Amino acid sequence: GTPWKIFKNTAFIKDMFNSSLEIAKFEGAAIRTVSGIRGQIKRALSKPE
Amino acid sequence: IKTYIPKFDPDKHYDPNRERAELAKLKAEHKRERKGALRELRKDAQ
Amino acid sequence: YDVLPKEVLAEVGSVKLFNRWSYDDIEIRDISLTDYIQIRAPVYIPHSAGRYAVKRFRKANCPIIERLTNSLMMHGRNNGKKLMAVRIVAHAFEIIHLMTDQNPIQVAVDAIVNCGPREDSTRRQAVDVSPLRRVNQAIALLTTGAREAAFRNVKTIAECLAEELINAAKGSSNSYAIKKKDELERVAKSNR
Amino acid sequence: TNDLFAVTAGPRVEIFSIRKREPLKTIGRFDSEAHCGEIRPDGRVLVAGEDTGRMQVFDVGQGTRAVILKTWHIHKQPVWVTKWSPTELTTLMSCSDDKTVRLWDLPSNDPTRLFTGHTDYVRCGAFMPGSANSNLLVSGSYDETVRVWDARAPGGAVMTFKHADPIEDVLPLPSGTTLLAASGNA
Amino acid sequence: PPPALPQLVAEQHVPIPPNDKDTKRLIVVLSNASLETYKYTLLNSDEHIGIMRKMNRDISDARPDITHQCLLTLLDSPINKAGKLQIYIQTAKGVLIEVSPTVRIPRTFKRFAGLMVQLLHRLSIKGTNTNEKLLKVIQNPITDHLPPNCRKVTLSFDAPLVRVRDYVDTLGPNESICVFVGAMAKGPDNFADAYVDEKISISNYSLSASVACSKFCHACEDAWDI
Amino acid sequence: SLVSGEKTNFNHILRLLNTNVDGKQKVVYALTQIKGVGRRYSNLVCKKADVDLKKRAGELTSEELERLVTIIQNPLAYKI
Amino acid sequence: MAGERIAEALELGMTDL
Amino acid sequence: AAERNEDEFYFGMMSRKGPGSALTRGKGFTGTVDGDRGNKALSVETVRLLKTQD
Amino acid sequence: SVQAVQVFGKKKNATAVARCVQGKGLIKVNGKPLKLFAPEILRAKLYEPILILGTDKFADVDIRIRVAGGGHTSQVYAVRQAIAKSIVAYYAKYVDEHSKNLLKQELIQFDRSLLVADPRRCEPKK
Amino acid sequence: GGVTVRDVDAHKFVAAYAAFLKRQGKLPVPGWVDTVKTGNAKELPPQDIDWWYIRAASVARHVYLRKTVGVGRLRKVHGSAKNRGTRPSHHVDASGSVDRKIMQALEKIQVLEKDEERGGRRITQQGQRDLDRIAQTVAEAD
Amino acid sequence: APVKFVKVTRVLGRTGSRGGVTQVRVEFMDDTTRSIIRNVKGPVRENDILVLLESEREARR
RNA sequence: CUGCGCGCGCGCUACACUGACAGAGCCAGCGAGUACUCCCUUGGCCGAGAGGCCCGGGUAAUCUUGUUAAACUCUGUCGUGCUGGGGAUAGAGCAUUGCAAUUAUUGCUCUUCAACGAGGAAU
């Protein structure tokens, strides 16, 4: 996937899933940047599906 | 006085057009089923 | 003059409310409320940032037009706004002078004196009313009657407050506050 | 000294300035008409009677102010003139369309005195200016009569003059002795 | 005085606006009504006689028919058609309902019971051709909606006899009158003493609520020249 | 005793295209009463026909009344 | 109720006297 | 900045202009103490010499 | 050599510098006159020290005020505090102490907040 | 005495200037005046109808009181709150066609000038001259 | 039915009055020797002037 | 609509005259912001608007930004009428983000103009 909006820590990530059902399945998963930054999928986003 | 007719259970929505009432019922049942599915999937994930 | 407009330099002599209305000859008609209707220290506009809610009876020292303003800012949507309330008081006093050719602070003080209920009932028995509660109830009844008579009508709160204040000063039963005071006194007379 | 004069035409009055001669304010609160726009000798308060029978009295400032002081709806038939008293600030008079002229005071919600005696439309009237003529009223009607009343005894007219024409205008003279009744072609 | 010009058009008789306390009127408050929802129909003595007789709690109390016949009386009375009548209902649950004078109620008890259930659950009944609410469940107490210049009386039995004409002559010129009529079958007068100024009794005999309000409204029409 | 009341009969109900009720209000507030006519639309109609906003409805002559009833039929013939 | 208590006892004693 | 004595007195305070506040300085307010660029107000005799040279 | 007195004035977050010098009688706030800078109803709050003290005290001074922060009300209260404290400090330094004490007595008899800013701390009923 | 416009209060100045630019009859008015709104953040058009003079006077004074200003600053200044209906208010810039055309109008009348030397628009020396002159005129009515 | 002005001598502390009602001992303004205790609602202090309508009864608890 | 176990909870917006609208006055404070880059953006045109476009200052108490913010203040318009209070729902159009906008991301324009007349008992 690809970042969409980037705040200090929480970034919104766009081109990875297709629906909030898939995100709710992959909730809490260990997401990672190419650079080495670790992270965690926190919550599905409502308005862009 | 121009008297009016009272339109009339709390458990049921009242709407003349069956199409609009049925579309709202399908949207409500879809929201309920989606919330139940997300809750079951999240508890299985934890 | 340092920097002063012509109206202020004209009425440079004494302390005048809104630079137009004097405090010199104002007589409080009831003997009981001379302590609690404070016209002794004069003020220019009612917007005075004073801590008059620290302890008990400190509101017996703030000037009575500041009490009228602070009770005018009383509902859910008029809560923060004070310049609106002092503008309503200024417009209402101008309308009182145009309708009566009388001193508007004299009209307002006579209205508060005439609108205080003299005895009231408690859940039921009938007791007397302390003078501070008489002033509080008079100001609350006047502003509540003004806004409830300006609720959905074409008249604004300034015009309705001015007419309520003139009617209360005359003592006529056209006013909400005089009618409510007579209702409370007749209920206390019924119980006794 | 002031710079206000009022001209009523149709359903609105228009307070004009004396120096600038522009329409300073246009007051169109009236439902149907406005038959005389008369401002008080103090110069802050305009009275005007409509075609529906109400009269509205409202404060005007120097600028755009139209705040309604009082409204009376007692005539229930049009009021053609409503005039202030030249000496007192709260007393005014009203000649209505039916048969009545009547004295109001501004704080009260009731007409203080009622004068009947005309048989047709009464449509022009004035107070009587003078030190001795404190409370006398003249009004002429469309019944070809000019009547002058004492306001102390609300019976009939003190004096009555019968003309030949429907009496259109009335003015007293400032000495208070003589009076001009304008009726028809004379 | 002039002879007060003849009205060439018949009047429309607008009812009293809600902001108006200037006018003189008659408020009738049907206190201690019994409008209970059973499940959805009002709890009456028609079909619930077995339920209330089994659970042994005052079969005579659950009567909405008193409220129905009394509200029928007050809406058909000419003091309502003239527009000088304002009517409130108090139920035993603490529900206080303002009834607009501009409503015409269903005359039959089945439609009335369905309408009262819909009112008690939706807090309002809108008109058919009008958007203004006709029956409105409003806030307690009664004195927020009663006028400030008014005499709150209740129709009793132990109180001394007055004639209705002399009492509503004893009312002043700007003074309205609120009567507290007990719409219950059997009960004491204790239901309203937090609000009543004085108790009166209008005949030696015992009367029903419908004829009590009938007597009071027809006396008020005779004394207000309707 | 003879002054022309040729204008004093104006506070009566006028008839127009669709609505049969149009009394005196103003000239632009009377145009809102016709259905489909708006509050911003009514000011454009008056600036073409050389009628003043100060006047009322009923203060117009039998020629000046119908000039607003042609231009309410075809808004395209007068430019827009 | 202390003052009312001693007041009613005063009245009892007064009737006794 | 937290553990700063409000009554401290160095003698460079009589030969420096302080950081001030936004109210005293104005729109051109940074928290940096302004330094000298090396220029100085130059007396009339030396400017007479320089302008004769120019 | 020049007579100059700089006085601060304070409210919630509205602060005012007033520099008072020997002058002809002008009062300027942010480069605009005192009859211009306020909401139209709070100019009577601004003119309070001038009308207490009289205009003869302000006949000799020239006051220049800068304000920043706060809202309209806080800025008006800061301006009137800077005006009152500024003329009292000028009369302290450059004319007699009896005139300083007379000015202080008149201002304290009217309103103490023209001289001493009282901040609103948090101490409710403990 | 001597005069500026800073010696005259906002409203009576801007109204005096509005009455002057109006009287003058030289002004350009675009033509889409009357049929236009002032901002996307407004409900109704202006109530003065012919009103472009009011903003022209307000703009010209705003520019006199400072160095240079551009269309973007004026849109930001003349904008206010838009009700987004049932969702919170937010500040919204006013229209840049109004302000830019006003600037071009007042430029062609020689009361302001381009300032590409820094950006924006500066008050013209003849703009100082005419504005100070009407500011005097306002104080001469009083 | 006249109106008797009166003034507070002492507010009373341990009466046991219900709620906002406080008993108070008041001395008359015409004949300052006669003093009675009366019930008073609202905030009252020592040495202030009340207005009362019925003088004949001494107020209970 | 999150959460807890058509039902529920946190909310936003209103029911107007201490108001809506239209001019006009005009005032904060805590922030943030672009390197191996496209961040915060002034001003100049174009555009009704949203926006477009040409340049421009800023790695920053230095430029945006005095963040000219909103309630608010004034001079007008409207007049108690579901009214110009309210702005849901809906049609048609133009734009911006993005590889993508249908199930309408958001923005603007016209039009459509619902419930809601102070919330009941309780808590």
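We did not get these values from a lab; they are worked out from the coordinates using the rules stated. Here Cβ is always computed from backbone atoms with ideal geometry, including for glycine, and neighbour counts include all displayed protein chains.
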Rounded FRET efficiency, nearest 0.05, which uses the C-beta distance separating B:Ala21 from F:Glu66 and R0 of 41 Å: 0.25
Distance between the range J:26-99 and the range F:58-80 - C-alpha centres, whole angstrom: 33 Å
Mean separation of Cα contacts under 8 Å, 6 or more apart, over the residue count of the range D:48-186: relative contact order %: 14 percent
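On average, how many beta carbons from a partner chain sit within 10 Å of the beta carbon of a residue in E:20-27? Intermediate values should be presented prior to the final figure.
Values: counts 0, 4, 2, 0, 0, 0, 0, 0.
The shielding value for this peptide is 1.
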Whether the range D:119-175 is rounded, prolate or oblate, judged on the alpha carbon gyration tensor where a/c under 1.5 counts as rounded: oblate
Neighbour-limited loop hits for chymotrypsin sites (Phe, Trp or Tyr not before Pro), the range E:51-133 (at most 16 other Cβ within 10 Å; DSSP other than H, G, I, E, B): none
Unit charges on C-beta of K, R, D, E only; dipole of chain C, Debye: 1060 debye
Counting DSSP beta bridges with both ends in the range E:67-226, the antiparallel % (nearest 5): 55 percent
Distance from the range C:116-192 to the range D:72-93 (C-alpha centre basis), Å: 32 Å
Number of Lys pairs (Cα under 18 Å; 8 or more positions apart or on different chains) in chain A: 8
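Please order F:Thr32, E:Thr108, D:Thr116, C:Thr69 by the number of other Cβ within 10 Å, starting at the fewest. Walk me through the numbers on the way to the answer.
Numbers: F:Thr32 14, E:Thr108 9, D:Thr116 18, C:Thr69 24.
Least crowded to most crowded, the residues run E:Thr108, F:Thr32, D:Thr116, C:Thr69.
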Helix-only [θ]222 nm of chain C, DSSP H runs n ≥ 4, -39500 (n - 2.57) each, per residue, nearest 500: -15500 deg cm²/dmol
Point-charge dipole on Cβ atoms (K/R +1, D/E -1) for the range D:68-172, about Cα centre, debye to 20: 280 debye
Straight-distance crosslink candidates among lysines, where the alpha carbon sits under 22 Å from J:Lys114 and sequence neighbours closer than 8 are dropped: J:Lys26, J:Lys67, J:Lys76, J:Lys101
For the range F:27-32, Karplus couplings with θ = phi - 60° (6.51, -1.76, 1.60), whole Hz, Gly/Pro x: 9, 9, 7, 6, 6, 6
Angle between chain I longest axis and helix I:72-94 axis [Cα atoms, degrees, rounded to 10]: 40 degrees
Whole-Hz ³J(HN,Hα) from phi, Karplus 6.51 cos²θ - 1.76 cosθ + 1.60, for the range D:136-146, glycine and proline x: 9, 10, 10, 9, x, 10, 8, 8, 6, 10, 9
Positive-end residue of I:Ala14, I:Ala59, I:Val29, charge dipole of the range I:1-65 with Cβ unit charges: I:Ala14
Derived scalar couplings ³J(HN,Hα) [the range A:38-43; Karplus, 6.51 cos²θ - 1.76 cosθ + 1.60; whole Hz; x for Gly, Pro]: 7, x, 9, 6, 9, 7
Top of I:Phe58, I:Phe110, I:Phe37 by mean-square fluctuation, Gaussian network on chain I, Cα under 10 Å: I:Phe110
For chain E: rounded, prolate or oblate by the Cα gyration tensor [a/c cutoff 1.5]: oblate
Chymotrypsin sites (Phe, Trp or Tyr not before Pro) lying in DSSP loop within chain F, provided at most 16 other Cβ fall within 10 Å: F:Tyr29, F:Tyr78
5 angstrom amide H check on D:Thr112, placed H, neighbours 5+ away: D:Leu103, D:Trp104, D:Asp105
Candidates I:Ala82, I:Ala18, I:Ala38, ranked by Gaussian network fluctuation over chain I, Cα under 10 Å, top entry: I:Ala38
Taking chain I and dividing mean pair separation by its residue count, relative contact order in percent (alpha carbons under 8 Å, at least six apart): 32 percent
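Arrange E:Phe191, H:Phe9, D:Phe30 by Cβ neighbour counts within 10 Å, fewest through most, would you? Walk me through the numbers before you get to the answer.
Details: E:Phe191 18, H:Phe9 7, D:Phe30 23.
Listed from fewest to most nearby Cβ atoms, that is H:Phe9, E:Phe191, D:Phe30.
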Cα gyration tensor shape for the protein assembly as shown, rounded if a/c is under 1.5, else prolate or oblate: rounded
Which listed pairs, of E:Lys24/K:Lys4; D:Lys76/E:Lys133; C:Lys181/K:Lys41; F:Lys47/J:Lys12, have C-alpha distances above 27 Å, in listed order: E:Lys24/K:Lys4; D:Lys76/E:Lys133; F:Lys47/J:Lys12
Computed label-point distance, nm, for sites I:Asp118 and D:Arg21 using a 7 Å Cα→Cβ extension: 6.1 nm
Student exercise, chain K dipole from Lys, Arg, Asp, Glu Cβ charges, in Debye to nearest 20: 400 debye
For C:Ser173, H:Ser43, order by how many other beta-carbon atoms lie within 10 Å, fewest first: H:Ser43, C:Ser173
D:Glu168 long-range amide H proximity, modeled H, under 5 Å: D:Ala182, D:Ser183, D:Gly184
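If you take the beta carbon distance between J:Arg87 and D:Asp31 as r and set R0 to 51 Å, what does 1/(1 + (r/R0)^6) give as a FRET efficiency, to the nearest 0.05?
Step by step, r from the Cβ atoms, then E = 0.80.
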Qualifying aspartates and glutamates (Cα of each under 13 Å from Cα of I:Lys24; at least 8 residues distant if same chain): C:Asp2, I:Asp56, I:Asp60, I:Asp62
Alpha-carbon centroid distance for the pair the range C:1-50 / the range C:73-99, whole angstrom: 17 Å
Inter-site label distance for E:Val9 and B:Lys43 at 7 Å from Cα along Cβ, in nm: 7.1 nm
Helix I:97-110 vs. chain I, principal-axis angle (Cα, 0 to 90°, nearest 10): 30 degrees
The range J:84-142: trypsin sites (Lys or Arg not before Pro) in DSSP coil with no more than 10 other Cβ atoms inside 10 Å: J:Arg118
Structure-based [θ]222 nm, chain E - -39500 (n - 2.57) summed over DSSP H runs of at least 4, per residue, nearest 500: -8000 deg cm²/dmol
